[PDB]
Amino acid sequence: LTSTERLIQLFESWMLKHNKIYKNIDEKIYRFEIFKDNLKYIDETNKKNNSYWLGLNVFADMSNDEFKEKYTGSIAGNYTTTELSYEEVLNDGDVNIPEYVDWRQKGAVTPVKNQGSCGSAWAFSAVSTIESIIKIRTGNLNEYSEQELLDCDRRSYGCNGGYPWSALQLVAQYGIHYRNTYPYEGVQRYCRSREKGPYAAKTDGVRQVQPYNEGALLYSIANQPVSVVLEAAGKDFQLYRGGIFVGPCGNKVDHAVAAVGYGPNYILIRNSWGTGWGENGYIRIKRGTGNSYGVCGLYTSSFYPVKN
């Protein structure tokens, strides 16, 4: 709507769908001042005859603003160095396989989630490292827990910052409850793995996919629910909606979630942000490229589950 006055019913119409709250009388209204140019940020960004477009609303109050610290928020700090090097590897050669399969038709994924004021997000992935590995040979259902491996993993913080290495790698000697049995509020001072019911989540030998490799990772795209790590470009992709990407990005990884989705020049995923960005809960980076590092630090190695 190009008419200044006719933009008001949105605040009304918009907020109804994905939350109605605010700061208060004076301060909140400010949410409306840096979302005023919602369409400016896209209008043509879309006009891009390009390979990526992405639509508006999940929060345009959210993008460049302090919000980028919301999303990205985790990890950071010191290097999140990788590859256990040995053990995480080989017994697979050429391909002689289809580059395509999905989990958007089988139904292997549980409704991901939009938590709260702190994104320990880095911990969502783990809850996934197993979320679907369950059917691989057992057909077992249900989900384990969130807050745990976010509360028992002292190894580091998950709020203001969270480590991607120890939520899945410390999974065999303690174990973890279910999603229902232990939903979370906002942090968990009293972390109880030996105290939350009993033993439920026991690993086997987290199989790290060849680092800096856009090759063998396809077994982890189809023979398991891939869970790499990418760049949380707290900006333009921070309002990402649909399409395939080539971006505007910046390879230096930021967030590590579920990577369930690979095909021709498509490839889904799992994005626990919510019901609007990275469409409903997924994405798709432009496959078949030429640069390892490329953009959005994807194919720079995983650490997924296999049943020993």
# chains A, B, ... in the order shown; residues from 1 in each chain; ligands from 1

call {"tool": "closest_atom_pairs", "arguments": {"of": "region 21-132 of chain A", "to": "region 140-163 of chain A", "cutoff": "6 Å", "atoms": "only C-alpha atoms", "output": "CSV"}}
result
residue,atom,partner,partner_atom,distance
A:73,CA,A:160,CA,5.5
A:74,CA,A:161,CA,3.6
A:75,CA,A:162,CA,4.2
A:118,CA,A:159,CA,5.9
A:120,CA,A:158,CA,4.4
A:122,CA,A:162,CA,5.9
A:131,CA,A:143,CA,5.7

call {"tool": "write_last_selection", "arguments": {"atoms": "N, CA and C atoms", "output": "PDB file, in the first residue's frame"}}
result
ATOM      1  N   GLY A  73      22.915 -15.167  17.535  1.00  0.00           N
ATOM      2  CA  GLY A  73      23.155 -15.292  18.967  1.00  0.00           C
ATOM      3  C   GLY A  73      24.110 -16.301  19.592  1.00  0.00           C
ATOM      4  N   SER A  74      23.986 -17.556  19.169  1.00  0.00           N
ATOM      5  CA  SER A  74      24.780 -18.658  19.692  1.00  0.00           C
ATOM      6  C   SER A  74      26.201 -18.766  19.180  1.00  0.00           C
ATOM      7  N   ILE A  75      26.843 -19.861  19.578  1.00  0.00           N
ATOM      8  CA  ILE A  75      28.212 -20.162  19.206  1.00  0.00           C
ATOM      9  C   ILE A  75      29.031 -18.887  19.324  1.00  0.00           C
ATOM     10  N   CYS A 118      15.795 -15.907  24.161  1.00  0.00           N
ATOM     11  CA  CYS A 118      17.174 -16.373  24.037  1.00  0.00           C
ATOM     12  C   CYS A 118      17.154 -17.553  23.084  1.00  0.00           C
ATOM     13  N   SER A 120      19.052 -20.597  22.185  1.00  0.00           N
ATOM     14  CA  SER A 120      20.144 -21.516  22.419  1.00  0.00           C
ATOM     15  C   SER A 120      20.191 -22.333  21.145  1.00  0.00           C
ATOM     16  N   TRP A 122      21.481 -23.356  18.804  1.00  0.00           N
ATOM     17  CA  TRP A 122      22.525 -24.331  18.545  1.00  0.00           C
ATOM     18  C   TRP A 122      22.124 -25.701  19.067  1.00  0.00           C
ATOM     19  N   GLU A 131      16.016 -36.654  16.298  1.00  0.00           N
ATOM     20  CA  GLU A 131      14.623 -36.421  15.925  1.00  0.00           C
ATOM     21  C   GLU A 131      14.130 -37.465  14.933  1.00  0.00           C
TER      22      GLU A 131
END

call {"tool": "select_by_dssp", "arguments": {"residues": "region 12-159 of chain A", "states": "alpha helix (DSSP H)", "output": "ChimeraX atom specification"}}
result
/A:12-17,68-71,124-131

call {"tool": "write_last_selection", "arguments": {"atoms": "C-alpha atoms", "output": "PDB file, in the first residue's frame"}}
result
ATOM      1  CA  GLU A  12      -3.841  -4.925  13.163  1.00  0.00           C
ATOM      2  CA  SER A  13      -3.947  -7.610  10.450  1.00  0.00           C
ATOM      3  CA  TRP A  14      -0.263  -8.583  10.635  1.00  0.00           C
ATOM      4  CA  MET A  15       0.284  -9.290  14.375  1.00  0.00           C
ATOM      5  CA  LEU A  16      -2.868 -11.484  14.708  1.00  0.00           C
ATOM      6  CA  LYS A  17      -1.251 -14.411  12.909  1.00  0.00           C
ATOM      7  CA  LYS A  68      20.623 -10.346  14.500  1.00  0.00           C
ATOM      8  CA  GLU A  69      22.015 -11.067  17.962  1.00  0.00           C
ATOM      9  CA  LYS A  70      18.762 -12.800  18.740  1.00  0.00           C
ATOM     10  CA  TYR A  71      19.011 -15.271  15.861  1.00  0.00           C
ATOM     11  CA  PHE A 124      17.814 -27.466  18.297  1.00  0.00           C
ATOM     12  CA  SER A 125      20.023 -29.510  15.909  1.00  0.00           C
ATOM     13  CA  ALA A 126      20.934 -32.097  18.495  1.00  0.00           C
ATOM     14  CA  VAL A 127      17.249 -32.631  19.337  1.00  0.00           C
ATOM     15  CA  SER A 128      17.250 -33.431  15.652  1.00  0.00           C
ATOM     16  CA  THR A 129      20.467 -35.455  15.446  1.00  0.00           C
ATOM     17  CA  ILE A 130      18.013 -38.000  16.724  1.00  0.00           C
ATOM     18  CA  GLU A 131      14.623 -36.421  15.925  1.00  0.00           C
TER      19      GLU A 131
END

call {"tool": "closest_atom_pairs", "arguments": {"of": "region 142-249 of chain A", "to": "region 255-259 of chain A", "cutoff": "12 Å", "atoms": "only C-alpha atoms", "output": "Markdown table"}}
result
| residue | atom | partner | partner_atom | distance |
| --- | --- | --- | --- | --- |
| A:158 | CA | A:255 | CA | 11.6 |
| A:161 | CA | A:255 | CA | 10.6 |
| A:162 | CA | A:255 | CA | 9.6 |
| A:163 | CA | A:256 | CA | 9.7 |
| A:164 | CA | A:256 | CA | 7.0 |
| A:165 | CA | A:256 | CA | 10.2 |
| A:167 | CA | A:256 | CA | 11.4 |
| A:168 | CA | A:256 | CA | 11.9 |
| A:217 | CA | A:259 | CA | 10.5 |
| A:218 | CA | A:259 | CA | 10.6 |
| A:219 | CA | A:259 | CA | 11.6 |
| A:220 | CA | A:259 | CA | 8.5 |
| A:221 | CA | A:259 | CA | 6.9 |
| A:222 | CA | A:259 | CA | 9.8 |
| A:223 | CA | A:259 | CA | 11.7 |
| A:224 | CA | A:259 | CA | 9.2 |
| A:225 | CA | A:259 | CA | 5.9 |
| A:226 | CA | A:259 | CA | 4.3 |
| A:227 | CA | A:258 | CA | 4.5 |
| A:228 | CA | A:256 | CA | 6.0 |
| A:229 | CA | A:256 | CA | 3.9 |
| A:230 | CA | A:255 | CA | 5.5 |
| A:231 | CA | A:255 | CA | 6.2 |
| A:232 | CA | A:255 | CA | 5.8 |
| A:233 | CA | A:255 | CA | 9.6 |
| A:234 | CA | A:255 | CA | 10.8 |

call {"tool": "residues_around", "arguments": {"residues": "residue 299 (chain A)", "least_positions_apart": "3", "cutoff": "8 Å", "atoms": "only C-alpha atoms", "output": "PyMOL selection string"}}
result
chain A and resi 211-214+217+228+292-293+302

call {"tool": "write_last_selection", "arguments": {"atoms": "C-alpha atoms", "output": "PDB file, in the first residue's frame"}}
result
ATOM      1  CA  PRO A 211      34.849 -31.371   6.186  1.00  0.00           C
ATOM      2  CA  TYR A 212      35.129 -28.648   3.561  1.00  0.00           C
ATOM      3  CA  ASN A 213      33.353 -31.215   1.345  1.00  0.00           C
ATOM      4  CA  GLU A 214      30.357 -30.814  -1.010  1.00  0.00           C
ATOM      5  CA  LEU A 217      27.772 -35.246   2.436  1.00  0.00           C
ATOM      6  CA  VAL A 228      25.822 -29.187   9.120  1.00  0.00           C
ATOM      7  CA  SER A 292      33.581 -25.448  -1.176  1.00  0.00           C
ATOM      8  CA  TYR A 293      33.305 -22.517   1.296  1.00  0.00           C
ATOM      9  CA  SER A 302      28.482 -32.221   9.772  1.00  0.00           C
TER      10      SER A 302
END

call {"tool": "atom_distance", "arguments": {"atom1": "CA of residue 251 (chain A)", "atom2": "CA of residue 294 (chain A)"}}
result
6.2 Å

call {"tool": "residues_around", "arguments": {"residues": "residue 1 (chain A)", "least_positions_apart": "6", "cutoff": "12 Å", "atoms": "only C-alpha atoms", "output": "number ranges by chain"}}
result
A: 7-10, 36-40, 43

call {"tool": "closest_residue", "arguments": {"among": "A:79, A:273, A:178, A:262", "to": "residue 240 (chain A)", "atoms": "only C-alpha atoms"}}
result
A:273

call {"tool": "closest_residue", "arguments": {"among": "A:210, A:64, A:132, A:72", "to": "residue 92 (chain A)", "atoms": "only C-alpha atoms"}}
result
A:210

call {"tool": "atom_distance", "arguments": {"atom1": "CA of residue 60 (chain A)", "atom2": "CA of residue 34 (chain A)"}}
result
7.5 Å

call {"tool": "closest_residue", "arguments": {"among": "A:267, A:249, A:170, A:260", "to": "residue 205 (chain A)", "atoms": "only C-alpha atoms"}}
result
A:170

call {"tool": "closest_residue", "arguments": {"among": "A:103, A:59, A:303, A:190", "to": "residue 277 (chain A)", "atoms": "only C-alpha atoms"}}
result
A:59

call {"tool": "atom_distance", "arguments": {"atom1": "CA of residue 104 (chain A)", "atom2": "CA of residue 265 (chain A)"}}
result
16.2 Å

call {"tool": "residues_around", "arguments": {"residues": "residue 63 (chain A)", "least_positions_apart": "6", "cutoff": "7 Å", "atoms": "only C-alpha atoms", "output": "list in words"}}
result
residues 234, 235, 236, 238 and 239 of chain A

call {"tool": "closest_residue", "arguments": {"among": "A:187, A:206, A:200, A:295", "to": "residue 115 (chain A)", "atoms": "only C-alpha atoms"}}
result
A:187

call {"tool": "residues_around", "arguments": {"residues": "residue 51 (chain A)", "least_positions_apart": "3", "cutoff": "8 Å", "atoms": "only C-alpha atoms", "output": "MDAnalysis selection string"}}
result
chainID A and resid 48 243:246

call {"tool": "write_last_selection", "arguments": {"atoms": "C-alpha atoms", "output": "PDB file, in the first residue's frame"}}
result
ATOM      1  CA  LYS A  48      15.999  -9.841  -8.903  1.00  0.00           C
ATOM      2  CA  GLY A 243      13.161 -19.894  -2.968  1.00  0.00           C
ATOM      3  CA  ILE A 244      16.522 -21.338  -3.543  1.00  0.00           C
ATOM      4  CA  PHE A 245      19.682 -19.374  -2.500  1.00  0.00           C
ATOM      5  CA  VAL A 246      22.864 -17.998  -3.976  1.00  0.00           C
TER       6      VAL A 246
END
